[PDB]
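Notes for the one structure printed next.
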Amino acid sequence: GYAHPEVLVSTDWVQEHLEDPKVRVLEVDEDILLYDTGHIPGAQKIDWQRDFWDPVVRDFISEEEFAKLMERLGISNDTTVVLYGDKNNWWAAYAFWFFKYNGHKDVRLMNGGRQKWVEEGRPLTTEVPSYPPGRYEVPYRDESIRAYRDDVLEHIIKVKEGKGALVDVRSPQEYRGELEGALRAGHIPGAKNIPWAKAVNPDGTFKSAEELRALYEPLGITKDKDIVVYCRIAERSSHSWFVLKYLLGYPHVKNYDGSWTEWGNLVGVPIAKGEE
């Protein structure tokens, strides 16, 4: 089975923990207005750009700001945070990554996302919770899961020595250089293409550990290597990062948040086109 099934909860699990004092459910959607129309009872809304991004520079909010957000959401350090959203949990996986970047110990993703909960006809409400402030100590960012532009060159070499791998989760067209825009098209040299959606079933749930392994192992993307995953922006590569590190247990996996919007616009950086 999965390496970390404990970080994946079912819709049944969530419905039976709607009143757990140690549980805080958050809906994280690409469509920041969807929550307003109806959500899981007791769930709170995360507006990604406004809540996780600095208002002026391209970077996430500070550790201090993260702690204030948590308290406002009634979340404490020992809180079991449960995430779900639209698009096969695309954005919810992003929130998962960000929570882990801030070191939150107990974060879980609802298998199937908003899609499955709605399809099953489980409780929905437009009523928004009013939880008492949480107690969240200032976290320490975990750099082992975030990759930066100045780490790529040395990674590109690691990919050649068979010590690392690059996972491009974009469409094959973008991957090949036929391509959140950029002045250049192609992929980071050495990267392999595994479109993110290949990890999920039509109903929004994740594929089996076996089916997932089959997406990466045959392409040389193995646990013994340091992995770097990217898309156009971090928000879209977090899903595959989650699949590799948590569902498949890869110990070294980083999310390159800069992704193509940064790389494809950088001056004088290596770029490969075609297949690899």
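Restricting region 225-253 to residues that are within 14 Å of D168 (Cβ to Cβ) and of a type in the set (D, E, K, R), which is nearest to the chain's Cα centre (by Cα)? Looking at the filtered set, the residue picked out is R236.
Comparison of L8, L34 shows that the only residue that is more than 16 Å from the chain's Cα centre (by Cα), in the same structural domain as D78 (by CATH) and within 23 Å of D203 (Cα to Cα) is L34. Selection of region 115-159 for residues being under 29 Å from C231 (Cβ atoms), of a type outside the set (F, W, Y) and not in a helix (DSSP H, G or I) yields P139, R141, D142, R146, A147. Against the numbered list (1) touching a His at 6+ places or on another chain (Cβ under 7 Å); (2) crowded, with 22+ Cβ neighbours inside 10 Å, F242 comes up short only at (1). Out of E19, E6, one residue alone is part of a loop (DSSP other than H, G, I, E, B) and either surrounded by fewer than 18 Cβ atoms within 10 Å (Cβ to Cβ) or basic (K, R) (or both). It is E19.
Every residue, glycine among them, receives a Cβ derived from its backbone with ideal geometry; neighbour counts consider all protein chains shown. Numbers and lists here come from the model and the stated rules, or from a named source; none is laboratory data.
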